[PDB]
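Have a look at the structure below before the remarks.
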Amino acid sequence: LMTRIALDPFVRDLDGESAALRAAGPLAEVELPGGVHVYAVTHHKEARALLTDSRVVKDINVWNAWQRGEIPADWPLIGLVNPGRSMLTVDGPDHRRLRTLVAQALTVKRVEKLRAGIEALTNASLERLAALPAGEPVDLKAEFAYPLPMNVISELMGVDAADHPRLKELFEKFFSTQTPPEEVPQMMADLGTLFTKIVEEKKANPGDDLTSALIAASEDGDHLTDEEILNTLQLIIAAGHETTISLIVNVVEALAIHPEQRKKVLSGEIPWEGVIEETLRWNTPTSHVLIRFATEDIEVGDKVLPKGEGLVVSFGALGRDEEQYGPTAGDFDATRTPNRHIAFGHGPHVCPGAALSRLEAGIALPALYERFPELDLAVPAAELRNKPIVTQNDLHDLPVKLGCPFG
Ligand code: HEM
Ligand SMILES: C[C@]12CC[C@H]3[C@@H](CCC4=CC(=O)CC[C@@]43C)[C@@H]1CC[C@@H]2O
């Protein structure tokens with residue numbers, strides 16, 4: 001086993017961390033912030049295997065370190081490691097019960113119906129740009145990427161829009177490695193009190209949206225506790241806004257660095273669905289997914305994940321496995337045709353909202369470059385920088401000069 005790798009909480013060099021984990025694969029020793037030792041799978045072939053192995057589980061009571069009360073309650077990463085009972089944290093027969101009404105609501109068919117809505121919100125956001133003074137840089141993150149998927153997923157769950165500025169300011173702190181440990185459990189307090197408030201707004205006045213579809217259904221021949229709903233709602237609002245925002249940003253960043261490919265994208269030669277997929281492989285929004293545990297020793301290539309130890313899937317590292325995609329695994333090629341990446345997961349927990357975000361991004365990007373065909377970065381590509389979020393590949397801002405609307 002190669003030298004232990006300590007995930008930098010300031011994300012000063014993601015591309016090199018990823019390469020190191022690549023080198024230390026298939027299974028690498030890793031240290032999470034606060035000195036917590038866990039292992040990490042960093043190869044494509046082997047990550048598929050562990051994700052479909054029933055010996056690898058989400059029950060934290062299987063974690064040696066947690067049995068032995070070694071994980072501070074004040075830990076910054078506790079939010080991710082132990083978020084409570086939901087689809088995310090259980091397995092096998094118990095899992096299917098919490099997933100099913102959510103997996104049905106986000107199929108290609110049942111999400112096609114939201115398109116009208118997404119075109120609406122995009123075509124608006126575009127109006128608000130250009131409404132800004134031309135010539136002067138704009139943060140494409142704050143003005144376009146952030147609000148769009150939030151609005152969407154708010155609509156989907158029927159969340160009141162007057163809680164947006166408050167939800168923004170809370171998720172900011174949840175993800176930051178530089179949020180002060182004494183501040184943790186009044187942030188989590190207020191998330192809980194925020195989500196409980198709007199769940200009761202829904203019981204009082206049930207709408208057609210998915211929050212209410214969970215409420216009515218539980219009462220008859222299937223499951224769903226008062227807590228399981230509340231936890232399953234946080235999961236859907238968090239996962240479904242964070243990741244997709246980053247996808248959009250990252251697509252825009254990729255086309256900037258690769259302008260020959262951008263030229264062909266804008267002309268139609270390369271279809272947009274190939275750019276979005278390649279961006280997911282090459283520069284996934286989710287660098288690391290937290291937390292599984294071996295029920296017993298598992299062979300992993302020529303190493304062993306010892307029974308009781310934590311496991312991380314390093315999607316960022318494995319997104320450029322040359323064993324999987326050949327010698328060009330390190331480069332953005334939007335035409336890379338057979339492209340069976342796992343940015344969305346594998347086995348039982350694989351993303352149920354893949355089709356939603358593929359849809360949001362496949363509407364919003366071509367809309368933006370139809371309106372602003374000259375749009376390029378306002379800063380050199382190397383000055384762009386990751387926010388301090390160890391699991392996520394999030395940029396701080398994306399300043400661009402729009403360059404006059406040919407819409
Ligand atoms: C670019 C966008 C996205 C990426 C890269 C992404 C990635 C992932 C990954 C890797 C997982 C697996 C978690 C694990 O195996 O431990 C996952 C699970 C999940 N994602 Fe996504 N996701 C995206 C968008 C969304 C959206 C839009 C929604 C909801 C509308 C969503 C909801 C979920 C849920 C509910 C789970 C848990 C499913 C389960 O545990 O069975 N995600 N996502
Ligand atoms: C844990 C969590 C649900 C699961 C989310 C997590 C944000 C990070 C994230 C990104 C993914 O790619 C999968 C879903 C996860 C792992 C969310 C933060 C709050 C919410 O309860």
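Each chain of the structure tokens is named A, B, ... in the order shown, its residues numbered from 1; ligands are numbered from 1 in display order.
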Hey, which residues sit close to ligand 1? Say within 6 Å, counting only C-alpha atoms and all ligand atoms, and write them as a PDB file with N, CA, C and O atoms, in the first residue's frame.
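Result file out22.pdb:
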ATOM      1  N   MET A  87     -33.209   6.712   1.732  1.00  0.00           N
ATOM      2  CA  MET A  87     -32.791   5.847   0.618  1.00  0.00           C
ATOM      3  C   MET A  87     -31.264   5.616   0.582  1.00  0.00           C
ATOM      4  O   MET A  87     -30.796   4.492   0.358  1.00  0.00           O
ATOM      5  N   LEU A  88     -30.518   6.691   0.844  1.00  0.00           N
ATOM      6  CA  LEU A  88     -29.040   6.751   0.751  1.00  0.00           C
ATOM      7  C   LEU A  88     -28.235   5.799   1.672  1.00  0.00           C
ATOM      8  O   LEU A  88     -27.117   5.362   1.337  1.00  0.00           O
ATOM      9  N   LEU A 235     -32.234  14.982   1.075  1.00  0.00           N
ATOM     10  CA  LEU A 235     -31.481  14.263   0.049  1.00  0.00           C
ATOM     11  C   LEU A 235     -31.766  14.777  -1.363  1.00  0.00           C
ATOM     12  O   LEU A 235     -30.836  15.104  -2.086  1.00  0.00           O
ATOM     13  N   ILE A 236     -33.046  14.869  -1.725  1.00  0.00           N
ATOM     14  CA  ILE A 236     -33.457  15.301  -3.059  1.00  0.00           C
ATOM     15  C   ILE A 236     -33.134  16.775  -3.301  1.00  0.00           C
ATOM     16  O   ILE A 236     -32.678  17.107  -4.393  1.00  0.00           O
ATOM     17  N   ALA A 239     -28.718  16.938  -3.214  1.00  0.00           N
ATOM     18  CA  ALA A 239     -28.058  16.247  -4.337  1.00  0.00           C
ATOM     19  C   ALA A 239     -28.410  16.867  -5.679  1.00  0.00           C
ATOM     20  O   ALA A 239     -27.540  17.059  -6.530  1.00  0.00           O
ATOM     21  N   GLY A 240     -29.690  17.191  -5.844  1.00  0.00           N
ATOM     22  CA  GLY A 240     -30.220  17.696  -7.098  1.00  0.00           C
ATOM     23  C   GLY A 240     -29.991  19.156  -7.458  1.00  0.00           C
ATOM     24  O   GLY A 240     -30.390  19.566  -8.559  1.00  0.00           O
ATOM     25  N   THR A 243     -24.958  19.193  -7.399  1.00  0.00           N
ATOM     26  CA  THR A 243     -24.226  18.555  -8.476  1.00  0.00           C
ATOM     27  C   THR A 243     -24.485  19.232  -9.832  1.00  0.00           C
ATOM     28  O   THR A 243     -23.563  19.505 -10.573  1.00  0.00           O
ATOM     29  N   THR A 244     -25.724  19.560 -10.135  1.00  0.00           N
ATOM     30  CA  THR A 244     -26.053  19.928 -11.507  1.00  0.00           C
ATOM     31  C   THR A 244     -25.468  21.308 -11.824  1.00  0.00           C
ATOM     32  O   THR A 244     -24.988  21.555 -12.958  1.00  0.00           O
ATOM     33  N   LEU A 247     -21.917  20.644 -12.789  1.00  0.00           N
ATOM     34  CA  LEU A 247     -21.954  20.176 -14.176  1.00  0.00           C
ATOM     35  C   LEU A 247     -22.034  21.312 -15.194  1.00  0.00           C
ATOM     36  O   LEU A 247     -21.261  21.316 -16.159  1.00  0.00           O
ATOM     37  N   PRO A 285     -18.688  16.498 -11.298  1.00  0.00           N
ATOM     38  CA  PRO A 285     -19.018  17.350 -10.161  1.00  0.00           C
ATOM     39  C   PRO A 285     -18.690  16.773  -8.757  1.00  0.00           C
ATOM     40  O   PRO A 285     -18.503  17.539  -7.820  1.00  0.00           O
ATOM     41  N   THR A 286     -18.662  15.451  -8.602  1.00  0.00           N
ATOM     42  CA  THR A 286     -18.523  14.823  -7.293  1.00  0.00           C
ATOM     43  C   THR A 286     -17.193  14.046  -7.259  1.00  0.00           C
ATOM     44  O   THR A 286     -17.098  12.922  -7.759  1.00  0.00           O
ATOM     45  N   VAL A 289     -17.400  10.195  -3.131  1.00  0.00           N
ATOM     46  CA  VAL A 289     -18.684   9.888  -2.466  1.00  0.00           C
ATOM     47  C   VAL A 289     -18.431   9.140  -1.196  1.00  0.00           C
ATOM     48  O   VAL A 289     -17.794   8.051  -1.214  1.00  0.00           O
ATOM     49  N   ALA A 343     -20.086   8.406 -13.336  1.00  0.00           N
ATOM     50  CA  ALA A 343     -20.286   9.642 -12.559  1.00  0.00           C
ATOM     51  C   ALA A 343     -21.562   9.649 -11.743  1.00  0.00           C
ATOM     52  O   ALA A 343     -21.684  10.403 -10.788  1.00  0.00           O
ATOM     53  N   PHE A 344     -22.504   8.815 -12.154  1.00  0.00           N
ATOM     54  CA  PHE A 344     -23.796   8.667 -11.515  1.00  0.00           C
ATOM     55  C   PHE A 344     -23.928   7.491 -10.553  1.00  0.00           C
ATOM     56  O   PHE A 344     -24.963   7.346  -9.919  1.00  0.00           O
ATOM     57  N   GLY A 345     -22.901   6.666 -10.425  1.00  0.00           N
ATOM     58  CA  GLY A 345     -22.914   5.580  -9.458  1.00  0.00           C
ATOM     59  C   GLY A 345     -23.104   4.261 -10.150  1.00  0.00           C
ATOM     60  O   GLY A 345     -23.092   4.198 -11.374  1.00  0.00           O
ATOM     61  N   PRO A 348     -27.130  -0.738  -6.675  1.00  0.00           N
ATOM     62  CA  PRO A 348     -28.384  -0.313  -6.077  1.00  0.00           C
ATOM     63  C   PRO A 348     -28.591   1.155  -5.881  1.00  0.00           C
ATOM     64  O   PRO A 348     -29.715   1.620  -6.027  1.00  0.00           O
ATOM     65  N   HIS A 349     -27.531   1.891  -5.588  1.00  0.00           N
ATOM     66  CA  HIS A 349     -27.683   3.317  -5.281  1.00  0.00           C
ATOM     67  C   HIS A 349     -27.507   4.261  -6.458  1.00  0.00           C
ATOM     68  O   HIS A 349     -27.578   5.473  -6.297  1.00  0.00           O
ATOM     69  N   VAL A 350     -27.309   3.720  -7.650  1.00  0.00           N
ATOM     70  CA  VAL A 350     -27.074   4.550  -8.817  1.00  0.00           C
ATOM     71  C   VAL A 350     -28.113   5.661  -8.897  1.00  0.00           C
ATOM     72  O   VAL A 350     -29.250   5.475  -8.509  1.00  0.00           O
ATOM     73  N   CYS A 351     -27.704   6.819  -9.386  1.00  0.00           N
ATOM     74  CA  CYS A 351     -28.555   8.002  -9.390  1.00  0.00           C
ATOM     75  C   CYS A 351     -29.921   7.735  -9.998  1.00  0.00           C
ATOM     76  O   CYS A 351     -30.026   7.216 -11.109  1.00  0.00           O
ATOM     77  N   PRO A 352     -30.970   8.068  -9.260  1.00  0.00           N
ATOM     78  CA  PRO A 352     -32.324   8.061  -9.790  1.00  0.00           C
ATOM     79  C   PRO A 352     -32.703   9.333 -10.547  1.00  0.00           C
ATOM     80  O   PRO A 352     -33.669   9.317 -11.296  1.00  0.00           O
ATOM     81  N   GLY A 353     -31.968  10.420 -10.335  1.00  0.00           N
ATOM     82  CA  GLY A 353     -32.190  11.679 -11.045  1.00  0.00           C
ATOM     83  C   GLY A 353     -31.249  11.973 -12.220  1.00  0.00           C
ATOM     84  O   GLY A 353     -31.178  13.123 -12.667  1.00  0.00           O
ATOM     85  N   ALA A 354     -30.546  10.959 -12.737  1.00  0.00           N
ATOM     86  CA  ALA A 354     -29.643  11.170 -13.881  1.00  0.00           C
ATOM     87  C   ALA A 354     -30.336  11.878 -15.020  1.00  0.00           C
ATOM     88  O   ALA A 354     -29.838  12.858 -15.533  1.00  0.00           O
ATOM     89  N   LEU A 356     -32.947  13.757 -15.052  1.00  0.00           N
ATOM     90  CA  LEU A 356     -33.373  15.126 -14.757  1.00  0.00           C
ATOM     91  C   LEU A 356     -32.292  16.109 -15.067  1.00  0.00           C
ATOM     92  O   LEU A 356     -32.545  17.102 -15.723  1.00  0.00           O
ATOM     93  N   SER A 357     -31.093  15.845 -14.568  1.00  0.00           N
ATOM     94  CA  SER A 357     -29.976  16.757 -14.766  1.00  0.00           C
ATOM     95  C   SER A 357     -29.499  16.730 -16.220  1.00  0.00           C
ATOM     96  O   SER A 357     -29.223  17.790 -16.787  1.00  0.00           O
TER      97      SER A 357
END
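Residues within 8 Å of residue A:313, counting only C-alpha atoms and excluding same-chain residues fewer than 3 positions away, are residues 40, 41, 42, 47, 288, 289, 290 and 291 of chain A.
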Print the selection's residues with N, CA, C and O atoms to a file, as a compact mmCIF listing (two decimals), in the first residue's frame.
# COMPACT_ATOMS: atom_id res chain seq x y z
N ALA A 40 -9.90 4.07 -0.16
CA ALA A 40 -10.53 4.72 -1.31
C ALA A 40 -10.30 3.91 -2.56
O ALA A 40 -9.18 3.52 -2.83
N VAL A 41 -11.36 3.65 -3.33
CA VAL A 41 -11.22 2.91 -4.61
C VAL A 41 -11.07 3.93 -5.74
O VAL A 41 -11.82 4.90 -5.83
N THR A 42 -10.05 3.73 -6.57
CA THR A 42 -9.61 4.73 -7.54
C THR A 42 -9.47 4.20 -8.97
O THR A 42 -8.92 4.88 -9.83
N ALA A 47 -14.10 -0.28 -8.89
CA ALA A 47 -15.18 0.50 -8.26
C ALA A 47 -16.57 -0.06 -8.59
O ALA A 47 -17.50 0.01 -7.77
N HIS A 288 -15.56 12.82 -4.67
CA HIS A 288 -15.57 11.69 -3.74
C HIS A 288 -16.96 11.45 -3.20
O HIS A 288 -17.62 12.42 -2.81
N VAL A 289 -17.40 10.19 -3.13
CA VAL A 289 -18.68 9.89 -2.47
C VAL A 289 -18.43 9.14 -1.20
O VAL A 289 -17.79 8.05 -1.21
N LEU A 290 -19.00 9.70 -0.12
CA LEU A 290 -18.75 9.21 1.21
C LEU A 290 -19.77 8.20 1.67
O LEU A 290 -20.95 8.48 1.78
N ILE A 291 -19.25 6.98 1.69
CA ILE A 291 -19.10 6.11 2.85
C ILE A 291 -19.88 4.81 2.83
O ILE A 291 -21.10 4.77 2.88
Would you kindly return, as a list in words, each protein, DNA or RNA residue with an atom no farther than 6 Å from any atom of stretch 370-386 of chain A, considering only C-alpha atoms and excluding same-chain residues fewer than 5 positions away? residues 11, 394, 395, 396, 399, 400, 401, 402, 403, 405, 406 and 407 of chain A
Suppose we keep N, CA, C and O atoms; can you now write the selection as a PDB file, in the first residue's frame?
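As written to disk, part.pdb reads:
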ATOM      1  N   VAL A  11      -8.615  22.232  -1.425  1.00  0.00           N
ATOM      2  CA  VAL A  11      -8.707  21.823  -2.802  1.00  0.00           C
ATOM      3  C   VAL A  11      -7.869  22.766  -3.630  1.00  0.00           C
ATOM      4  O   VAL A  11      -8.341  23.479  -4.520  1.00  0.00           O
ATOM      5  N   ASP A 394     -16.309  22.001  -7.059  1.00  0.00           N
ATOM      6  CA  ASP A 394     -17.058  23.243  -7.180  1.00  0.00           C
ATOM      7  C   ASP A 394     -16.129  24.399  -7.345  1.00  0.00           C
ATOM      8  O   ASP A 394     -15.165  24.483  -6.642  1.00  0.00           O
ATOM      9  N   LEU A 395     -16.438  25.288  -8.274  1.00  0.00           N
ATOM     10  CA  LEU A 395     -15.636  26.476  -8.517  1.00  0.00           C
ATOM     11  C   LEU A 395     -16.194  27.616  -7.713  1.00  0.00           C
ATOM     12  O   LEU A 395     -17.365  27.634  -7.325  1.00  0.00           O
ATOM     13  N   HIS A 396     -15.330  28.580  -7.468  1.00  0.00           N
ATOM     14  CA  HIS A 396     -15.656  29.662  -6.577  1.00  0.00           C
ATOM     15  C   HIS A 396     -16.574  30.622  -7.325  1.00  0.00           C
ATOM     16  O   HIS A 396     -17.632  30.999  -6.840  1.00  0.00           O
ATOM     17  N   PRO A 399     -16.263  33.852 -13.901  1.00  0.00           N
ATOM     18  CA  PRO A 399     -16.440  35.158 -14.510  1.00  0.00           C
ATOM     19  C   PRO A 399     -16.249  35.107 -16.014  1.00  0.00           C
ATOM     20  O   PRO A 399     -15.233  34.606 -16.494  1.00  0.00           O
ATOM     21  N   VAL A 400     -17.237  35.608 -16.750  1.00  0.00           N
ATOM     22  CA  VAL A 400     -17.211  35.545 -18.214  1.00  0.00           C
ATOM     23  C   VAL A 400     -17.630  36.879 -18.787  1.00  0.00           C
ATOM     24  O   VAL A 400     -18.317  37.662 -18.113  1.00  0.00           O
ATOM     25  N   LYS A 401     -17.175  37.129 -20.021  1.00  0.00           N
ATOM     26  CA  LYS A 401     -17.683  38.217 -20.841  1.00  0.00           C
ATOM     27  C   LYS A 401     -18.554  37.636 -21.947  1.00  0.00           C
ATOM     28  O   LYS A 401     -18.044  36.982 -22.887  1.00  0.00           O
ATOM     29  N   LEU A 402     -19.860  37.925 -21.806  1.00  0.00           N
ATOM     30  CA  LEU A 402     -20.955  37.367 -22.617  1.00  0.00           C
ATOM     31  C   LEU A 402     -20.804  37.599 -24.114  1.00  0.00           C
ATOM     32  O   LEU A 402     -21.049  36.685 -24.910  1.00  0.00           O
ATOM     33  N   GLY A 403     -20.429  38.819 -24.492  1.00  0.00           N
ATOM     34  CA  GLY A 403     -20.150  39.136 -25.891  1.00  0.00           C
ATOM     35  C   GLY A 403     -21.361  39.228 -26.830  1.00  0.00           C
ATOM     36  O   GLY A 403     -21.431  38.517 -27.849  1.00  0.00           O
ATOM     37  N   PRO A 405     -25.593  39.732 -27.708  1.00  0.00           N
ATOM     38  CA  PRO A 405     -26.538  38.670 -27.999  1.00  0.00           C
ATOM     39  C   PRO A 405     -26.944  38.531 -29.439  1.00  0.00           C
ATOM     40  O   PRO A 405     -27.521  39.467 -29.973  1.00  0.00           O
ATOM     41  N   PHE A 406     -26.658  37.378 -30.056  1.00  0.00           N
ATOM     42  CA  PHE A 406     -27.183  37.050 -31.404  1.00  0.00           C
ATOM     43  C   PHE A 406     -28.401  36.122 -31.271  1.00  0.00           C
ATOM     44  O   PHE A 406     -28.498  35.092 -31.939  1.00  0.00           O
ATOM     45  N   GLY A 407     -29.339  36.528 -30.419  1.00  0.00           N
ATOM     46  CA  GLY A 407     -30.578  35.801 -30.216  1.00  0.00           C
ATOM     47  C   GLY A 407     -31.736  36.515 -30.888  1.00  0.00           C
ATOM     48  O   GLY A 407     -32.516  37.199 -30.220  1.00  0.00           O
TER      49      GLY A 407
END
As a ChimeraX atom specification, please: the residues near residue A:163 (cut-off 12 Å, only C-alpha atoms, same-chain neighbours under 6 positions excluded). /A:150-151,154,169-170,190-191,193-195,197-198
Would you mind exporting the chosen residues as a tab-separated table (two decimals), in the first residue's frame, restricted to C-alpha atoms?
chain	number	residue	atom	x	y	z
A	150	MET	CA	-32.50	25.29	-7.54
A	151	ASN	CA	-35.77	26.79	-8.96
A	154	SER	CA	-37.79	23.56	-5.62
A	169	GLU	CA	-26.66	30.59	3.00
A	170	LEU	CA	-27.13	27.23	4.82
A	190	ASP	CA	-31.96	25.23	11.17
A	191	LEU	CA	-31.87	22.93	8.06
A	193	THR	CA	-36.39	23.26	11.23
A	194	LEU	CA	-36.47	24.66	7.66
A	195	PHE	CA	-37.40	21.35	6.02
A	197	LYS	CA	-41.73	23.74	8.37
A	198	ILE	CA	-42.24	23.22	4.61
Residue with smallest distance to residue A:90 - pool A:59, A:172, A:8, A:139, counting only C-alpha atoms: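 When distances to residue A:90 are compared using only C-alpha atoms, the smallest one comes from A:59.
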Of the listed residues A:49, A:36, A:364, A:80, that which approaches ligand 2 most closely, counting only C-alpha atoms and all ligand atoms: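 Result for the nearest residue to ligand 2: A:80.
The spacing separating atom CA of residue A:115 from atom CA of residue A:273 amounts to 15.7 Å.
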Can you pull out every residue from stretch 286-406 of chain A that DSSP, working from the backbone, puts in strand (DSSP E), and format the result as a ChimeraX atom specification? /A:289-294,298-300,303-305,310-313,376-377,399-401
Can I get the selected residues back with N, CA and C atoms, as a compact mmCIF listing (two decimals), in the first residue's frame?
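File produced: part.txt:
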# COMPACT_ATOMS: atom_id res chain seq x y z
N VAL A 289 -17.40 10.19 -3.13
CA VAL A 289 -18.68 9.89 -2.47
C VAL A 289 -18.43 9.14 -1.20
N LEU A 290 -19.00 9.70 -0.12
CA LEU A 290 -18.75 9.21 1.21
C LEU A 290 -19.77 8.20 1.67
N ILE A 291 -19.25 6.98 1.69
CA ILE A 291 -19.10 6.11 2.85
C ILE A 291 -19.88 4.81 2.83
N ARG A 292 -19.08 3.77 2.74
CA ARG A 292 -19.49 2.41 2.78
C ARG A 292 -18.55 1.69 3.74
N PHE A 293 -18.92 0.49 4.15
CA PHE A 293 -18.09 -0.30 5.05
C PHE A 293 -18.12 -1.75 4.69
N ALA A 294 -16.95 -2.38 4.76
CA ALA A 294 -16.83 -3.82 4.53
C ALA A 294 -17.46 -4.59 5.69
N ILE A 298 -12.40 -7.87 2.03
CA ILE A 298 -12.66 -7.95 0.60
C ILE A 298 -11.35 -7.77 -0.17
N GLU A 299 -11.07 -8.69 -1.07
CA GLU A 299 -9.94 -8.58 -1.98
C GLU A 299 -10.28 -7.50 -2.97
N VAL A 300 -9.29 -6.67 -3.30
CA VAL A 300 -9.45 -5.57 -4.27
C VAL A 300 -8.19 -5.51 -5.10
N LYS A 303 -4.86 -6.21 -3.17
CA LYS A 303 -4.83 -5.64 -1.81
C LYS A 303 -6.08 -6.11 -1.10
N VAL A 304 -6.33 -5.62 0.11
CA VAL A 304 -7.50 -6.04 0.89
C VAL A 304 -8.08 -4.91 1.67
N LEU A 305 -9.40 -4.74 1.58
CA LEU A 305 -10.11 -3.75 2.37
C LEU A 305 -10.48 -4.46 3.66
N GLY A 310 -13.74 2.06 6.62
CA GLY A 310 -14.48 2.90 5.68
C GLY A 310 -13.99 2.81 4.24
N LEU A 311 -14.91 3.06 3.30
CA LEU A 311 -14.60 3.06 1.86
C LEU A 311 -15.22 4.28 1.15
N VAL A 312 -14.40 4.91 0.32
CA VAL A 312 -14.78 6.08 -0.44
C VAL A 312 -14.68 5.71 -1.92
N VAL A 313 -15.62 6.21 -2.72
CA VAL A 313 -15.50 6.05 -4.17
C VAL A 313 -15.01 7.40 -4.70
N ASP A 376 -17.02 33.75 -23.42
CA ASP A 376 -15.74 33.13 -23.06
C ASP A 376 -15.34 33.68 -21.73
N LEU A 377 -14.31 33.08 -21.15
CA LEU A 377 -13.87 33.42 -19.81
C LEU A 377 -13.34 34.84 -19.75
N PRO A 399 -16.26 33.85 -13.90
CA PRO A 399 -16.44 35.16 -14.51
C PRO A 399 -16.25 35.11 -16.01
N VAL A 400 -17.24 35.61 -16.75
CA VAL A 400 -17.21 35.54 -18.21
C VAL A 400 -17.63 36.88 -18.79
N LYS A 401 -17.17 37.13 -20.02
CA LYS A 401 -17.68 38.22 -20.84
C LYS A 401 -18.55 37.64 -21.95
Within 10 Å of residue A:228, counting only C-alpha atoms, which residues qualify if same-chain residues fewer than 6 places away don't, as an mmCIF file with N, CA, C and O atoms, in the first residue's frame?
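The resulting part-v8.cif:
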data_model
loop_
_atom_site.group_PDB
_atom_site.id
_atom_site.type_symbol
_atom_site.label_atom_id
_atom_site.label_comp_id
_atom_site.auth_asym_id
_atom_site.auth_seq_id
_atom_site.Cartn_x
_atom_site.Cartn_y
_atom_site.Cartn_z
ATOM 1 N N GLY A 84 -28.805 10.319 8.623
ATOM 2 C CA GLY A 84 -30.030 9.707 9.074
ATOM 3 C C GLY A 84 -30.568 8.703 8.080
ATOM 4 O O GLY A 84 -29.920 8.396 7.068
ATOM 5 N N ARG A 85 -31.762 8.194 8.403
ATOM 6 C CA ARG A 85 -32.428 7.130 7.646
ATOM 7 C C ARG A 85 -33.066 7.724 6.374
ATOM 8 O O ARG A 85 -33.848 8.673 6.428
ATOM 9 N N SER A 86 -32.673 7.186 5.230
ATOM 10 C CA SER A 86 -33.168 7.635 3.934
ATOM 11 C C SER A 86 -32.778 6.553 2.969
ATOM 12 O O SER A 86 -32.134 5.577 3.351
ATOM 13 N N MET A 87 -33.209 6.712 1.732
ATOM 14 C CA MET A 87 -32.791 5.847 0.618
ATOM 15 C C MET A 87 -31.264 5.616 0.582
ATOM 16 O O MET A 87 -30.796 4.492 0.358
ATOM 17 N N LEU A 98 -37.818 2.584 0.059
ATOM 18 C CA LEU A 98 -37.672 4.046 0.105
ATOM 19 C C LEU A 98 -37.378 4.656 -1.276
ATOM 20 O O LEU A 98 -37.856 5.751 -1.584
ATOM 21 N N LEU A 214 -45.256 11.714 -1.780
ATOM 22 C CA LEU A 214 -44.684 10.850 -0.751
ATOM 23 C C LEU A 214 -45.629 10.689 0.441
ATOM 24 O O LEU A 214 -45.787 9.573 0.962
#
Run DSSP on the backbone and grab whatever in stretch 266-339 of chain A lands in helix (DSSP H, G or I); send it over as a PyMOL selection string. chain A and resi 266+272-282+315-318+322-325
How many Å separate atom CA of residue A:199 from atom CA of residue A:230? 7.2 Å
Residue contacts of residue A:142 (9 Å, only C-alpha atoms) excluding same-chain residues fewer than 5 positions away, as a ChimeraX atom specification: /A:147,397-398
With only C-alpha atoms and all ligand atoms as the basis for distance, which of A:175, A:325, A:369, A:272 is at the shortest distance from ligand 2?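 Comparing A:175, A:325, A:369, A:272 against ligand 2, the winner is A:175.
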Env of residue A:329: 8 Å cut, atoms = only C-alpha atoms, seq-sep filter 4 positions within chain, self excluded. Answer as a PDB file with N, CA and C atoms, in the first residue's frame.
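Full text of around_22.pdb as output:
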ATOM      1  N   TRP A 282     -14.761  13.271 -17.405  1.00  0.00           N
ATOM      2  CA  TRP A 282     -13.461  13.937 -17.289  1.00  0.00           C
ATOM      3  C   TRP A 282     -13.316  14.865 -16.108  1.00  0.00           C
ATOM      4  N   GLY A 319     -12.533   8.740 -13.038  1.00  0.00           N
ATOM      5  CA  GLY A 319     -13.039   9.314 -14.286  1.00  0.00           C
ATOM      6  C   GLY A 319     -12.045   9.335 -15.441  1.00  0.00           C
ATOM      7  N   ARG A 320     -10.740   9.275 -15.154  1.00  0.00           N
ATOM      8  CA  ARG A 320      -9.728   9.136 -16.206  1.00  0.00           C
ATOM      9  C   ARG A 320      -8.897   7.830 -16.161  1.00  0.00           C
ATOM     10  N   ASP A 321      -9.537   6.705 -15.806  1.00  0.00           N
ATOM     11  CA  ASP A 321      -8.881   5.381 -15.809  1.00  0.00           C
ATOM     12  C   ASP A 321      -8.535   4.990 -17.259  1.00  0.00           C
ATOM     13  N   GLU A 322      -7.244   4.991 -17.580  1.00  0.00           N
ATOM     14  CA  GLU A 322      -6.815   4.594 -18.928  1.00  0.00           C
ATOM     15  C   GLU A 322      -7.161   3.159 -19.259  1.00  0.00           C
ATOM     16  N   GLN A 324     -10.048   1.854 -18.550  1.00  0.00           N
ATOM     17  CA  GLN A 324     -11.386   1.972 -19.051  1.00  0.00           C
ATOM     18  C   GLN A 324     -11.482   2.623 -20.425  1.00  0.00           C
ATOM     19  N   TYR A 325     -10.925   3.824 -20.606  1.00  0.00           N
ATOM     20  CA  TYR A 325     -11.171   4.638 -21.821  1.00  0.00           C
ATOM     21  C   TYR A 325     -10.016   4.750 -22.816  1.00  0.00           C
TER      22      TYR A 325
END
Residue nearest ligand 2 - candidates A:78, A:121, A:65, A:318, atoms counted: only C-alpha atoms and all ligand atoms: A:78
